[PDB]
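Chains as they are written, first to last, in the authors' numbering: chain A, 3 to 12, 17 to 327; chain A', 3 to 12, 17 to 327; chain A'', 3 to 12, 17 to 327. A prime marks a further copy of an entry chain. The C-beta atom is built at its ideal place from N, Cα and C for all residues, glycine as well. Heads up: the structure comes next, in structure tokens.
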Amino acid sequence: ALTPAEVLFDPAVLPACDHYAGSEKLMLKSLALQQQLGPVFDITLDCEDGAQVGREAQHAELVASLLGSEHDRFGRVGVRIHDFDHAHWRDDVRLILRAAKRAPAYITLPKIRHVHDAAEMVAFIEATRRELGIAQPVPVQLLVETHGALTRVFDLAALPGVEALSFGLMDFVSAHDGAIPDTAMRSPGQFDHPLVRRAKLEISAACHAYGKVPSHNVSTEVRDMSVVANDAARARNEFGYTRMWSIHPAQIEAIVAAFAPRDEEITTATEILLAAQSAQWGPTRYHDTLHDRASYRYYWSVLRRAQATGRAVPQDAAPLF
Amino acid sequence: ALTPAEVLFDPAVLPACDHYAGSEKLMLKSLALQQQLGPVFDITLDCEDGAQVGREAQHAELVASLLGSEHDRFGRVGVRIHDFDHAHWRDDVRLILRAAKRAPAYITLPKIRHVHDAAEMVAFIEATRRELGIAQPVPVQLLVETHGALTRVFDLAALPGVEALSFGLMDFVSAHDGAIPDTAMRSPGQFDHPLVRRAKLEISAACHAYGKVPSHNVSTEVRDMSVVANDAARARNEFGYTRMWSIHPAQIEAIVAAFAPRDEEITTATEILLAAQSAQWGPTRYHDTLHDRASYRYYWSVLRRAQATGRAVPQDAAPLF
Amino acid sequence: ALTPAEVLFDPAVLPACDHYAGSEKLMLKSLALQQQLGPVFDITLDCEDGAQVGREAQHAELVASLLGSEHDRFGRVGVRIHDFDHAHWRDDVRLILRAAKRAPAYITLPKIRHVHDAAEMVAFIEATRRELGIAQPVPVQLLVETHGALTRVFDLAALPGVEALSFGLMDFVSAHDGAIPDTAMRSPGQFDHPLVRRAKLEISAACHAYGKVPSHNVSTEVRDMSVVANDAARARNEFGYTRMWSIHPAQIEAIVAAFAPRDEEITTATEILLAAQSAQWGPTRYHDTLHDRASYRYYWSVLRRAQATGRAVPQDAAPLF
Ligand SMILES: [Ca+2]
Ligand SMILES: [Ca+2]
Ligand SMILES: [Ca+2]
Ligand SMILES: [Ca+2]
Ligand SMILES: [Ca+2]
Ligand SMILES: [Ca+2]
Numbered sequence: 003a004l005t006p007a008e009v010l011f012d017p018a019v020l021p022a023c024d025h026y027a028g029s030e031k032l033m034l035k036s037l038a039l040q041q042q043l044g045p046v047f048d049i050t051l052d053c054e055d056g057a058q059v060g061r062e063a064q065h066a067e068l069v070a071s072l073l074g075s076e077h078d079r080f081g082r083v084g085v086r087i088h089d090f091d092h093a094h095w096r097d098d099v100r101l102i103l104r105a106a107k108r109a110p111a112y113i114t115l116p117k118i119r120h121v122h123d124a125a126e127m128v129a130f131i132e133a134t135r136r137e138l139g140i141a142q143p144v145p146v147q148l149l150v151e152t153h154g155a156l157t158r159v160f161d162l163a164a165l166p167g168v169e170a171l172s173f174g175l176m177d178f179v180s181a182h183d184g185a186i187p188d189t190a191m192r193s194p195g196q197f198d199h200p201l202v203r204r205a206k207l208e209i210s211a212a213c214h215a216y217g218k219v220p221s222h223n224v225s226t227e228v229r230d231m232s233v234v235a236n237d238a239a240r241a242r243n244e245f246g247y248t249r250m251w252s253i254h255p256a257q258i259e260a261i262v263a264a265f266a267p268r269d270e271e272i273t274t275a276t277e278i279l280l281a282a283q284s285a286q287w288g289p290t291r292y293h294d295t296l297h298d299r300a301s302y303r304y305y306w307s308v309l310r311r312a313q314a315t316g317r318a319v320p321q322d323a324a325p326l327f
Numbered sequence: 003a004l005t006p007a008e009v010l011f012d017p018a019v020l021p022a023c024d025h026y027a028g029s030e031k032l033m034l035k036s037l038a039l040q041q042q043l044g045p046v047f048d049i050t051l052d053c054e055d056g057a058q059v060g061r062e063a064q065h066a067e068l069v070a071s072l073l074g075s076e077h078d079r080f081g082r083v084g085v086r087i088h089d090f091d092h093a094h095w096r097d098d099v100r101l102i103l104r105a106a107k108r109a110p111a112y113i114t115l116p117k118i119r120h121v122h123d124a125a126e127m128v129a130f131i132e133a134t135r136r137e138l139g140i141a142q143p144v145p146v147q148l149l150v151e152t153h154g155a156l157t158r159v160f161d162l163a164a165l166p167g168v169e170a171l172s173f174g175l176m177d178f179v180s181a182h183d184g185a186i187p188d189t190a191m192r193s194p195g196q197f198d199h200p201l202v203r204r205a206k207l208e209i210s211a212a213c214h215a216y217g218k219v220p221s222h223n224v225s226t227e228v229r230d231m232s233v234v235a236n237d238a239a240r241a242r243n244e245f246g247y248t249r250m251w252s253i254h255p256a257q258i259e260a261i262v263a264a265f266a267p268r269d270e271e272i273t274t275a276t277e278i279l280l281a282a283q284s285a286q287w288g289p290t291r292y293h294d295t296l297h298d299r300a301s302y303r304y305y306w307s308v309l310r311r312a313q314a315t316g317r318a319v320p321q322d323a324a325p326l327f
Numbered sequence: 003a004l005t006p007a008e009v010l011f012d017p018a019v020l021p022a023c024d025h026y027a028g029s030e031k032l033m034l035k036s037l038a039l040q041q042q043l044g045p046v047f048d049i050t051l052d053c054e055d056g057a058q059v060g061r062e063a064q065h066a067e068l069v070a071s072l073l074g075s076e077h078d079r080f081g082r083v084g085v086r087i088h089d090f091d092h093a094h095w096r097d098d099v100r101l102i103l104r105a106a107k108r109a110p111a112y113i114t115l116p117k118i119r120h121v122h123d124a125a126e127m128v129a130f131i132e133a134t135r136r137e138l139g140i141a142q143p144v145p146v147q148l149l150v151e152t153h154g155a156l157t158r159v160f161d162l163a164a165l166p167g168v169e170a171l172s173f174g175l176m177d178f179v180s181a182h183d184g185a186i187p188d189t190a191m192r193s194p195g196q197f198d199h200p201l202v203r204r205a206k207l208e209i210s211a212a213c214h215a216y217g218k219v220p221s222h223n224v225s226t227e228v229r230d231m232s233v234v235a236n237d238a239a240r241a242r243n244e245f246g247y248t249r250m251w252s253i254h255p256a257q258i259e260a261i262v263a264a265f266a267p268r269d270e271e272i273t274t275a276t277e278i279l280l281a282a283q284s285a286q287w288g289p290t291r292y293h294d295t296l297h298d299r300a301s302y303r304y305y306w307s308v309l310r311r312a313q314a315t316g317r318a319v320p321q322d323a324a325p326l327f
């Protein structure tokens, strides 16, 4: 018989939590925690908004000293540098790429205003790593947190060296100069305020269109993890994000859990697909619902991801592989 | 006095139901039903997802044999062919246009990824019908059900030989590789899931912008017609669709009814417009509400459609024509 | 220590109410009311939909006679002229600019279909005022109330001589030829109908992206001011509009109040920023919530606007200036 892989029409993957640390104490504790939990979350060593101002050179060296060190056990430690209109952004790239025992897992670019700004920064990173004789290119992630970036967000998603786009909620709200209430930086405003909801969906649609990872902003709530876990669920199940920032180690497990695979999907996919197979991939009826190749795709996507990620697939599903 | 037609600033129309049949038995039963009900719905003879795979040539000939036959009583029978990246799509066009006693009412193109893909297919259809000496061009309808089509959906709406765009809900959800839950293929998820709601509104706005018909996806619910009728109402009254696909003959009357004209609108339009006329088309007050030429347009659109479609217009409305 | 102005990353302002009058009696009463209340609202002397048809030349002269007259006390009186596809639009510009003792505060262009249409009209206004030896250029405001304008609404926001975009709700609904129910011209439909909500957010995002004023459509409700006041609140707090049209003098105070500054914001901003300052503009904790430079921006925007507009700022905030 025919397999779904050969009859059905036609994805980006990074760890689901991006944990930010902007000071040495937090970096070291995060790194230690990553060793305990394993690489279920990335760590971003932050030079920008997560850090105080004034020690820019010293800070980039601190960051560089941790990359590929004894604390970086999995190679899942990236960085965020300064913005294009900042004096130290090239110095961040040079200091960090020169001194890091291993290159950062990715470089996060904040406050992109124009498409050319991002491309130029991506290009400088490539050039620098090329001359330092670094083996592979360094992935870049872009913040979409200005008017300019949101307007051209599809152009950003399309950029070659860019693996993900992240929403900058606070900067985006602040960018409206008070026209959007600060309640939009908290939940549920950050999901329900029409302009913020609109921006999040643009970023998400753009990422999916170009096979990039849509990364959700942090929850600034540092007490109620119940809120944080709910944010992560809405980002995932309503907004189509596949990753989310963390700003406190207690957020990490709530976020990772929210993005865990739903194993409940696997038996359903198996049943539907086996039946589809028997109907020669023509339309079928399942539980008062019509299915055809357009929905089969979904369930094959579900089975494919499950088997790939070494999740339990029913023996019945064998003739689909 | 002055008529609305001469003072007011400044539409596409197809049957409101597009009934799909992908097998001979269903095609023949649909055709028979169309003869009974008259052409209140179109029929699309389906070569793609509504049909099993493997008999592609035989299937296109079956389809071609029904077009303009004794069963095709009104010329309101179209087809859906294979996609641009499929081997048999040109063969579908040639086999069907060559053998059909009368050309299809339209040709539906599934899974458009790029604007050039669609244009090229539209162009091949024109060329083929031109060489076969077919008298008029064959209208094309495009599925918007990929990332590429949604991104450039306004460019699609603008294409010259394209009369309508249809939303492919299942393919669109599947296109997100699991990021959108399968609950978004069912109601109310298919209206309330932010990314699906977003896609539907883009397609709709694009169609209206370029005078094309926005055609809504089928309800996959084949038991509860109450659900199907509600879907059709939301597609119409919230999303601005003017047509909807049917996948089961029991859906057809629910869909056709949902898109029926609201005669309640006609007396209101008459009253408002006659009063506007007397105020020399300056602003008026009607029921605690201010009206001016911007709203008069709406009510003239309502009267114009009613009189055109031979619906009952009050004798009082005479000085508006 | 360091001030927010020197560490933080990175606005258009017009009166919050745009009161329309399309007849001499209403213009004169509006002008008198503006003298009483002071310039808390603009007045637009209307030649288009707010006026009856047929006296076009006489009407433009009436309008021109009031600009800069004894009734125009503050220079906050603009006009709306006819559309690009109208015969009298150039005549409106010439008659009005030639005869007005002082130039209009702005010129509102209705029913823009294409970007070039608007640019061309903006250019004619510049040319005319230049040859009449008028000292400064006349600001233009564009109506976004057609399909063509909404599609290219970001291109419109970007136009050099354009200070604001206004949503034309009734024309926009009417533009869909009945596909959008007339209930979308009333509240809550005008906020909740998905296509109208979508259009309003596009206009708003575009204006903010290019530093223009987003101006909300009028409430056509002329009895219940409670409705009007609620409309203004949703336009402001959900949709990000900073101005709203008025069509009845009783609407004016409800609209102006809805857009009044929230003084409650000032102490919060002060507290957060003073603390940020002490942490060397690194991240801080405030009330179970994490803050960093991305949110500080918001609160600095709040303080800056308060001090500028001569509102009461706490003595504690001194080291932030
Ligand atoms: Ca940010
Ligand atoms: Ca609590
Ligand atoms: Ca489909
Ligand atoms: Ca039931
Ligand atoms: Ca209007
Ligand atoms: Ca009342």
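Which one or two residues does DSSP pair with residue i in a beta bridge?
i                        : result
residue 297 of chain A   : A:290
residue 149 of chain A'' : A'':172
residue 227 of chain A'  : A:295
residue 220 of chain A'  : A':171
residue 84 of chain A''  : A'':50
residue 114 of chain A'  : A':86, A':147
residue 191 of chain A   : None; residue 191 of chain A has no bridge partner.
Is residue i helix, strand or coil by DSSP?
i                        : result
residue 54 of chain A'   : coil
residue 142 of chain A   : coil
residue 8 of chain A''   : helix
residue 75 of chain A'   : coil
residue 200 of chain A'' : helix
residue 178 of chain A'' : helix
residue 244 of chain A'  : coil
What are the start and end residues of the beta strand (DSSP E) that includes residue i?
i                        : result
residue 27 of chain A'   : 23-27
residue 127 of chain A'' : Taken as a continuous stretch (DSSP letters only), residue 127 of chain A'' belongs to no beta strand (DSSP E), being part of the alpha helix (DSSP H) at 121-137.
residue 249 of chain A   : 249-252
Which residues in chain A sit within 7 Å of residue i, going by Cβ to Cβ distance?
i                        : result
residue 301 of chain A'' : 176, 180, 191
Output the boundary residues of the alpha helix (DSSP H) element that contains residue i.
i                       : result
residue 33 of chain A'' : 30-43
residue 96 of chain A'' : 95-105
residue 158 of chain A' : Premise fails: residue 158 of chain A' is in no alpha helix (DSSP H) and is neither H nor E.
residue 262 of chain A' : 255-264
residue 70 of chain A   : 62-72
Counting only Cβ pairs nearer than 7 Å, list the residues of chain A' close to residue i.
i                       : result
residue 210 of chain A  : 201
residue 13 of chain A'' : Between 12 and 17 the numbering of chain A'' has a gap, and residue 13 of chain A'' falls inside it, with no coordinates.
For residue i, which residues in chain A fall below 9 Å Cβ to Cβ?
i                       : result
residue 249 of chain A' : Neighbours of residue 249 of chain A' on chain A: none; closest Cβ ~19 Å, over 9 Å.
Name, please, each residue of chain A' whose Cβ falls closer than 8 Å to the Cβ of residue i.
i                        : result
residue 228 of chain A'' : 291, 294, 295, 296
Does the beta carbon of residue i fall short of 8 Å from some heavy atom of ligand 8?
i                       : result
residue 230 of chain A' : No copy of ligand 8 appears in this structure; the ligands present are ligand 1, ligand 2, ligand 3, ligand 4, ligand 5 and ligand 6.
Chain A partners of residue i, CB-CB under 8 Å?
i                        : result
residue 243 of chain A'' : 187
Identify the contact partners of residue i in chain A'', using a Cβ-Cβ distance below 7 Å as the criterion.
i                      : result
residue 253 of chain A : 296
Residues of chain A'' with a CB under 8 Å from the CB of residue i: which are they?
i                     : result
residue 9 of chain A' : 59
Report yes or no: do the stretch 209-226 of chain A' and the stretch 304-321 of chain A share at least 3 C-beta pairs separated by less than 8 Å? no
Whether or not the stretch 59-73 of chain A and the stretch 101-108 of chain A are in contact is what I'm after, with contact meaning three or more pairs of Cβ atoms, one per stretch, closer than 8 Å; do they touch? yes
Any chance the stretch 280-290 of chain A' sits against the stretch 46-60 of chain A', with 3 or more Cβ pairs inside 8 Å? no
Can you find at least 3 beta carbon pairs, one from the stretch 173-189 of chain A' and one from the stretch 233-246 of chain A, that sit closer than 8 Å? yes
With a threshold of 8 Å, are at least 3 pairs of Cβ atoms found where one atom belongs to the stretch 138-152 of chain A'' and the other to the stretch 191-204 of chain A''? no
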